[PDB]
Each structure stands twice: as C-alpha cells, then as structure tokens.
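Visitor:
Chains as they are written, first to last, in the numbering used here: chain V, 62 to 111; chain Y, 225 to 331.
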C-alpha cells in the first residue's frame, strides 16, 4: 500500500531582490542598481559573481 | 496392517513442521533490523506433501530503504499461533502411544 512518503529539505533557490542600500559617502563603495552582478575571482582563481 | 505409520497418523510429522515453522519465524524476528533480508515463509502443505517450501513473504507496506520485508506485528502473531498448535500436536501424538500402550497391556 502507498502509505510511506519521505520528506527531505532542499534549497530551491535564493532571494535575488535588491538589498538594503546604505549611503556611506565613501568613494570606493558601489552598489548595483537593480539586477546585476560584479564578476570577481576568488583565492583559487575561478571567476564568480558577487 | 497394525503399523506405526497408521497408528500414529500424520501427527508424527506435524510436530516436526511446527518446529521448522517456529525456527523460520524466529529468524524473521531476529533479521528484522538487518537491511536486505527478505522475510521467509514456510508453506505448510509442502511439508505435508514431503511427509506423505521456504518461500518469500510479499510485504503489505513498502520498505524504507532497508529492503527488509519483515513485519514484526505479523511475526509475533504467527509465532503465537504456531506455538499453540505445536502443543496440540504433542497432545495428539502423545495420546497415540498412551492409547497404544493401554491396548497392549490391558491396564
């Protein structure tokens, strides 16, 4: 009989809504207006979005 | 006539089958937790034919990844029934000799 059904928790995605913008007056502080990413390479060297 | 085969009937074989059945049920209960073990059932009519086998039990519920098809609720009931019937077979076969001895000795 089909009586036993398991459930597993999984990550379906991420929340890509715009984060809270903090005005700091610093020249080297940048925030992406709307959607978009900054391409950076980590310690190993593989590129990725941040 | 007048031979032990006819005097004892089939009660001489039933006691053995009830012992084999009890062994299989004991195996099923012990192997209930070991994954991959398939519950074994004994067909009574087969040992009846052998007197005059070791099958598999199809589960009523799915496994949980173990593959073990032993239902401990079923095994306890089947072990209780076999033990009760085993004692009756001893009573039946035991009285066969008690009547047989009384006929010979006349007392």
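Ideal placement from N, C-alpha and C gives every residue a C-beta, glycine not left out.
Who are the neighbours of residue 65 of chain V on chain Y, taking C-beta pairs under 8 Å?
Guide: Going along chain Y in sequence order, the residues near residue 65 of chain V (Cβ under 8 Å) are 285, 286, 288.
Visitor: Give a single yes or no on whether residue 324 of chain Y has its beta carbon closer than 7 Å to a heavy atom of the ligand HEM.
Guide: For the ligand HEM, the structure offers nothing, since it holds no ligand at all.
Visitor: Got a sec, what are the start and stop residues for the alpha helix (DSSP H) residue 318 of chain Y sits in?
Guide: It spans 296–329 - the alpha helix (DSSP H) in which residue 318 of chain Y sits, taken as one unbroken run.
Visitor: So, is the C-beta of residue 62 of chain V closer than 8 Å to a C-beta in chain Y?
Guide: For residue 62 of chain V, the answer is yes, since a Cβ of chain Y falls inside 8 Å of its Cβ.
Visitor: Could you tell me the alpha carbon to alpha carbon distance between residue 83 of chain V and residue 94 of chain V, rounded to whole angstroms?
Guide: Cα to Cα, the separation comes out at about 13 Å.
Visitor: In whole angstroms, give me the CA-to-CA distance for residue 258 of chain Y and residue 292 of chain Y.
Guide: If I take the Cα positions, the gap works out to 7 Å.
Visitor: Could you pull the DSSP bridge partners for residue 101 of chain V from this structure?
Guide: Answer is V:109.
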